[PDB]
Structures are given as structure tokens and as C-alpha cells.
Amino acid sequence: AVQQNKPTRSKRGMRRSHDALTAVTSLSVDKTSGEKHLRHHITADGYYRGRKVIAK
Amino acid sequence: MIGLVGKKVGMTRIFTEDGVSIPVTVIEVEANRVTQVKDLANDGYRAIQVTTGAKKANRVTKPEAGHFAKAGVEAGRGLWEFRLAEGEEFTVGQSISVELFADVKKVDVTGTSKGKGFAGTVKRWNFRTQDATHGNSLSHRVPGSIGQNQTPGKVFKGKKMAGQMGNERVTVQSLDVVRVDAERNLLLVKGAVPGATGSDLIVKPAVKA
Amino acid sequence: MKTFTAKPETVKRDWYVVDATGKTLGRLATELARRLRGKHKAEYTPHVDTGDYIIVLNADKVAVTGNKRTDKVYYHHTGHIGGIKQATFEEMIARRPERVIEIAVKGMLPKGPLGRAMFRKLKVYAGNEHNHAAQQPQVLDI
RNA sequence: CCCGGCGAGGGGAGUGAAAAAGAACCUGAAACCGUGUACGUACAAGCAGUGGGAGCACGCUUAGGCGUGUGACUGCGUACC
RNA sequence: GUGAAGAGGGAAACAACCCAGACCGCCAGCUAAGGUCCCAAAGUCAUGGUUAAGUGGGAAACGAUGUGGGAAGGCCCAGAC
RNA sequence: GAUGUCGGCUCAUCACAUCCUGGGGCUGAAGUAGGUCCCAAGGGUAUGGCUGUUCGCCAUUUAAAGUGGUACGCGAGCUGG
RNA sequence: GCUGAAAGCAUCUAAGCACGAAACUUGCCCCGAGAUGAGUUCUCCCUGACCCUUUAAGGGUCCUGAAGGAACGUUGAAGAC
């Protein structure tokens, strides 16, 4: 139910060795507007694959 | 002797003239092309490697393509190996059809069983459930005790607990061969075989005999 | 001055080949362990491996006195509840003849990372042929 | 003056002997938590040190073969009240 | 007598048993109990016997042409067993 | 300055002084079926009525319904008669 | 049990030889080269130019980015992730 000894700071670091985040490998560039965006996602300006999807 | 790799088409029944219904599993055994022959001198054992079916050309890696090109056969969907029983001879590029099972009368079928995922002890190991009433407190399907007192002081290896169930290699032995259809590349075997529809199956003559 | 200590990166190791046909298992093993540890060298250092590489041939022809050929038993536990397995000297020779000499020498070597390293220098073959001619082993009448 | 949401919090400028005295403000210890550098560490079993001890890094030196950090491997070794 | 209030070496580990009483330092020598094929420091030492059971390395009444040694006796080339 | 007590439930694991199955000697062993001893631990080894019961008696099955160790196994797994 | 001495006989045993059980090793099914003793077989890919120096399994710049992998997307009789 509860620990019998205090775990060390070394053990705490070992458990967190798998907690590191992963950054996006790369960002796609729109063919028309040229702005960076997440792959398969619309751009901040409303473009997608150079089609100018709704941006209202 | 050697066997063949086929695909599970489904299950059906065959009606005999004497009013008997035979449950049969339909296995589609396409021609198997031998891609490599192994001998004692080079590999230390005798066996043949075969392939079946077809694979998309653009999805065949260069290392795989070179292997198929050496044998001069079209790429299949996989590679399987069969040991030779000291009396068999085969040549690279040879094609083996379902006629091999013409006079076998009994085969062994192995495949990947359906995956049940994480399964409890009741389902996985046929554990008996505890009382559903009479005061039971949150222990209707729990395993119960898992060991003894201080003396051992541990849980023994191999203890039956909950875990992954299914989705593993399984073999069913001594299945009657009901029909062999060379024209349709079909093999009918009495009874059920492991795996879901469309999965790969390996058929060999019965070892028990 | 300080006592001389062997250096692991400047120690000289030689290659020897030994024939085990007709040799008593225990008496052969002690000599092999002695040379694998380097106890026969004046540069012997307890914390450094100063031994020599030894090749043992005809490991399946070792001899045992008395009735040990059928009475000596090798026990080992697999880790499961059943676990306990055994095999006689005769059975071991038929199945894995190399293990007979290997097991005897292992028990005669020190226990620990260094003792494990020493055991790596022992090559045991059941037959009379070896493929280490490039190392030019020297015949050792032991 | 600048970044920021006419924020919070900062970077300059200026005051002062001192702003690492900026109001969460004299001095600013320890537990505890971080960044950087050197060395060791993914076939090895236990009060974690001690005796022996290679290698590596670095400071020396009229090569002076010493000092400092690290510690592969090895003998012994079951805290305190 | 020892431990208690006593460390060191031996008995695998083992306050009370065996050897022996630690003022400090030494990378010098001789011994005690106990030991000398390898783990593990030192005799694969010398001479004459015993054991074949891994006895050695767990045990009784009792049982048995196992085997070594010793002192006597009965019957025997008038031919014994 | 706390090691929770019988019974049941769930889940077990080992011993062999063996309940069944397997292999043998003797028999006051004709056969069938038994008695007794030796070897053997691979697997198998009842459901109900009464009682909190373990046990026991009783009813009816089974090739057999074995004897013991495991904190008289198992309450940080359940129950609480 | 066979043959057979020690012991002229006898004797399954001392030399030698043959039978003998659900136990033992295999045969059947599954996992399995982290088997650091890290194995074997087949196939595929990469065929630039310079500089510094404590000069070696050394460091750096430019050019180059293959086989393949990963990521992302549509998803599965695969799945807690």
C-alpha cells in the first residue's frame, strides 16, 4: 500500500527517462501561400494544398 | 512430406447422399513457387522456401525483389519454409499445386488464432467465479489467492493470471480431407481451423497418422 | 618501491592445444584452471587476467575412475516449480560432451566478472579437429 | 526606450560607494531542485565502504614518472541508538 | 573457563568451542590452532599398509562364503573335501 | 510502541509411508475375484441430506473418491455461521 | 534370465550377454540467438574534395543523403497505451 523506504533521486530520474516529449519532425509548406503548417492540416490563413479553403 | 500455404476463405457444409452434413473449412491453396532450396553443404539442413499469392510491385523492397529475381519467380505476399523428409527433391522456380494432397486423407492445419486482447482469469484459464451474493465485496471475478504464506514467500513462476489471450500460432491435428479441387485451387477439410477469414494457413499431412 | 602489477593492455597471451583422450577429468581440469588464471606466470596479478588461451580436443574421451561414469549426476534447476532436472555422466557425454569439461573448469575458476572473462579463453571441442590454425597453438602435454 | 494583453515578468538607460542593496530589498548557511564540464556506467547480484589498482582528463614539471578528479577489475566487509 | 565488558586466526557462515589478549606506524621475519589438487596462501611430498563402499561426507538391534591380519584345532598321498 | 483465531469460498504447490491406473515376487494363487510384500509420483482422485462445523453418520455415484507438509497453505483475495 | 568361475559342484555376476513399467531421455504442441557462447543462409545499398594537429580506431569544413526507416494520413476479424 505504501513504501517502506524513501526512493532515491536516482530512481526518480530513471522512471522519467520515458517522459521526454517529441517534437514534430518537420512542417509542410503550402504550395500557393508558402506558409508552414502541420501536415494534412489547414494553414492559419485558411489554405490547404493551395486551394484557399474557407477562411471566414 | 512438405506442405502448402493457403488462405482461409470461410466455413460451409457438404451434404452427402446418406443425409449427413459435414462441416468443412474452405482453404484456397494457390500454386506455391519455391524461391530457395537449402542443403546440408550450404545451410546445414534440407528445406525449401516457397511463396504464394501476389504483392504490389511498388511495395516490394529492393532486397526482397532481388531475392525473387534470383529464383526467377513473381513476388508473393510472404515466404515460408518446409523441411524435406530425406526423400524429396525440388528445383528453384518449381510450382507446387494442391494436387499434392490428392491421397493424404488427413492434414495438420496451423494458423494465427483470433485475438481476444487482455483477458481475465475466468475467460483465459476457466477460473471459477466466486459468489455473486451472500456478502461478496468487489470480488466476483477476481482470481483469489495467488500463493501460500511466509514459507515460500513468493509467487511461483508460471502462475495463471490475466493477460494477452489469442493472436498466437495454433495447430489443429488430424483433420479429415473431404475434397480436393485442383481446378478451383480449393481444399476442404472437416472441422474448424484457427484464425479469422482471410488469414494465412499452413497445411501439412498429419504427423500422427 | 611499489610491488609490480601486471597491465591488462601489455600482457602476453599464448595459445596451447591439449588432448583430453584418456585423461582424468578432475586432474586435467585443475591444470587448465591454473593456466587460464595465469598462476604459472611470475607476472601473476589477482585482479588482472594473465592466463593463456587453451584448446581442448577429444573432450568426449575423458576418463573417470570408479563407477562415476554411471553414478555421477549433474543437477540443474530451470526456475519453475518442477524445475529439478538431472543427467548422469554417461548421458552428458552422449548429448553435450563439451559441457562435461566446461562445467568442471568453471567450478574451479574464481567467481565474478574476472572469472567469467577467464573462462572465455577456453575452447573445447568434442572431435579431434579445430579451426584455430591461424593462432598457431603449441602442443601442451598436460 | 524595447518585448508583452495600455498585463505579469524581464532587457537597456539613469541614481548610488554598492542595484549579485530594486522595495518578494543587510549578511544569505543547510536540507531540497537545476544547467554546464571531466571521468565512470546497459553479462552484472547484497550496509555501497575499505586495501590494492589499470585507463582517461587536467595542473605541475631544467622529460623529474608527483598533485587533483574519476574508479574498469580484485581481497575483506550484514547501518546507528 | 569464556562471553557479558574481548578485537585477531581456525570451525563454510556460527556472543559462550579451539588458538590467542589489539598503545601507534612498516609493501620485513618466525610460529599457534588449523592446513598445503583448483576456488584459496602453502607437499599432486617421501616410505609401508588398508578401503571399492564416493565409505570417506548422518544412525541402532540384527543380518551376510565382502576383504586384510593373527593365534590354535579337526580330517588328510593308509587318498581327505 | 500488535505476527488477526476455527468453517467455508477462490487459487494452489510439494512429499511418497500409493486411493485408482502401470510393472512384479509369494500365496492356504484352479478360473473369476482376493490376501501380502517390492518398484513406481505421469496423470487422475464424487454430488447431496443433517450440523457453524473440520470430522462423523446417512442416501446415491466413481476406475478411484489416497495420506501428509506448506504460519493446523491462502481475510493488504472474499465470507463472518 | 543366458553363459560362467572364485568354490572340480552350485550360482543372473565377479569378465561378458539378453529382457523388463503411465516414472527418466526422445517422439507431439508452443516460445526461443540479450544462447554478451549475441549463430547461419539469401538479397539490397554507399566507389567525393580538402584543412588543422598534442599524428591517431583523431578533429573539422564543403559536397553528397543511397538501401531502408520513421513520421503523417485513411484504417484493421490487431489493440489498455
Side-chain angles (χ1 to χ4, degrees), chain A residues 1-2 9 22 24-26 28 38-41, chain B residues 35-36 38 42-45 49 61-71 79 108 110 112 114-118 121 125 127-131 134-140 142-152 156 159-160 164 166-171 173 195-199 207-208, chain C residues 1-3 5-10 26-27 29-34 37 39 45-49 65-68 71-72 81-82 85-88 91 94-95 102 104-117 119-120 123:
Chain A
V2 80
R9 57 178 67 80
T22 76
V24 297
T25 189
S26 81
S28 279
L38 220 63
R39 195 147 187 81
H40 297 104
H41 285 57
Chain B
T35 58
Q36 173 164 12
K38 311 206 173 186
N42 197 45
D43 310 73
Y45 71 104
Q49 179 182 106
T61 63
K62 274 195 127 284
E64 279 158 20
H67 186 66
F68 287 120
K70 210 235 195 169
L79 294 171
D108 285 336
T110 168
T112 315
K114 283 178 148 180
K116 321 296 198 183
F118 203 106
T121 45
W125 300 109
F127 274 26
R128 293 191 273 279
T129 66
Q130 314 194 34
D131 282 343
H134 289 296
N136 192 295
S137 292
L138 326 169
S139 297
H140 305 293
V142 301
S145 180
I146 67 177
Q148 307 84 40
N149 215 315
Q150 159 163 213
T151 281
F156 288 131
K159 182 75 184 72
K160 289 171 179 169
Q164 170 66 25
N167 194 35
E168 80 199 11
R169 186 199 179 92
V170 174
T171 300
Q173 281 173 321
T197 300
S199 60
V207 70
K208 297 285 181 70
Chain C
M1 62 70 180
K2 293 182 151 34
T3 290
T5 179
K7 309 275 190 295
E9 46 287 300
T10 74
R27 275 140 210 292
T30 51
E31 190 56 59
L32 294 168
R34 187 176 87 91
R37 219 208 170 161
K39 288 198 114 303
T45 314
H47 74 273
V48 181
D49 180 359
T65 53
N67 295 120
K68 281 180 270 196
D71 275 11
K72 200 198 204 314
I81 316 110
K85 311 283 209 67
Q86 58 166 94
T88 61
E91 283 150 7
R95 218 214 327 133
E102 259 158 17
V105 169
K106 211 198 109 203
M108 277 165 198
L109 284 167
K111 275 79 196 169
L114 191 71
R116 251 123 49 200
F119 175 80
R120 279 187 252 282
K123 324 294 186 168

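Order of the sequence lines sets the chain letters (A, B, ...), proteins ahead of strands, with each chain counted from 1. Both backbone and side-chain heavy atoms feed into the values below; hydrogens, waters and symmetry mates do not.
Nucleic acid contact for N149(B): base, since at least one base atom lies under 4.0 Å from a heavy atom of the residue. Residue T22(A) is out of contact with every strand shown, counting any heavy-atom pair closer than 4.0 Å. If you check every strand for non-hydrogen atoms under 4.0 Å, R9(A) touches sugar and phosphate atoms only. Within 4.0 Å of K2(C), counting heavy atoms only, lies at least one base atom of the nucleic acid. Among the atoms of the strands shown, only primed sugar atoms or phosphate atoms (P, OP1, OP2) are found under 4.0 Å from some heavy atom of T25(A). In this structure, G112(C) reaches the sugar-phosphate backbone alone: every heavy-atom distance under 4.0 Å involves primed, P, OP1 or OP2 atoms, never a base. Using a 4.0 Å heavy-atom criterion, one finds that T151(B) contacts the sugar-phosphate atoms exclusively. Residue contacts shown for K159(B) are limited to sugar-phosphate atoms, with no base heavy atom under 4.0 Å away. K116(B) comes within 4.0 angstrom of the backbone, heavy atoms only, and of no base. Backbone-only engagement by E9(C) is indicated by non-hydrogen atom pairs under 4.0 Å involving sugar-phosphate atoms exclusively. Nucleic acid contact class of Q86(C) (heavy atoms, under 4.0 Å, all strands): none.
No Watson-Crick or G-U wobble pair joins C47(D) and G75(D) with the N1-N3 or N1-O2 distance and the second distance both under 3.5 Å. Here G28(D) does not sit opposite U62(D) as a base pair, Watson-Crick or G-U wobble, with both distances under 3.5 Å. Pairing check for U35(D) against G71(D): the two fail the Watson-Crick or G-U wobble geometry, since the two atom distances are not both under 3.5 Å. With both atom-pair distances required to fall under 3.5 Å, a Watson-Crick or G-U wobble pair links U21(F) to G42(F). In this structure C76(D) is paired with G49(D), meeting the Watson-Crick or G-U wobble definition at both distances under 3.5 Å. Entry note: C11(F) and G73(F) meet the pairing test, Watson-Crick or G-U wobble at under 3.5 angstrom for both distances. Taking 3.5 Å as the upper bound for both contacts, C20(F) pairs with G43(F) in Watson-Crick or G-U wobble fashion. Between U47(F) and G28(F) there is no base pair of the Watson-Crick or G-U wobble kind with both donor-acceptor distances below 3.5 Å. Remark: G1(G) does not pair with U40(G), failing the Watson-Crick or G-U wobble criterion at under 3.5 Å for both atom pairs. Pairing status of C58(F) against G48(F): a Watson-Crick or G-U wobble pair, both distances under 3.5 Å.
No hydrogens or angles were tested; on distance alone, nothing pairs the side chain of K72(C) with the base of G54(E) as donor and acceptor under 3.5 Å. Between the side chain of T171(B) and the base of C29(G), no donor-acceptor pair of N or O atoms lies under 3.5 Å. For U25(G), the base has no donor-acceptor partner in the side chain of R95(C) [N/O atoms by modelled type, under 3.5 angstrom]. Side chain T30(C) to base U44(E): a donor-acceptor pair is found below 3.5 Å. One can find a donor-acceptor pair under 3.5 Å joining the base of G77(F) and the side-chain atoms of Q130(B). Interface remark: the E102(C) side chain does form a donor-acceptor pair with the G37(G) base, using a distance-only criterion of under 3.5 Å.
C17(E) and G63(E) have their P atoms separated by 44 Å, given to the nearest Å. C44(G) and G34(D): their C1' atoms are spaced 48 Å apart (whole Å).
Nucleotide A53(E) is shown with a syn base, its glycosidic torsion being within 90° of 0. Here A63(D) is in the syn range [glycosidic angle within 90° of 0].
Distance from the side chain of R37(C) is smallest for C39(E) among the nucleotides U74(D), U25(G), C39(E).
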For side chain to side chain contact (heavy atoms under 4.5 Å, CB included), just list the numbers for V142(B) and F127(B), CA-CA rounded to whole Å, side-chain angles, deciding distance to a tenth of an Å, and then say yes or no. CA-CA 9 Å; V142(B) 301; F127(B) 274 26; over 6 Å; no

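The six-membered base rings of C18(E) and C19(E) sit with centres under 5.5 Å apart and planes under 30 degrees, so these neighbours stack.
The partner of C37(E) cannot be assigned: no Watson-Crick or G-U wobble pair with both contacts below 3.5 Å exists in any strand.
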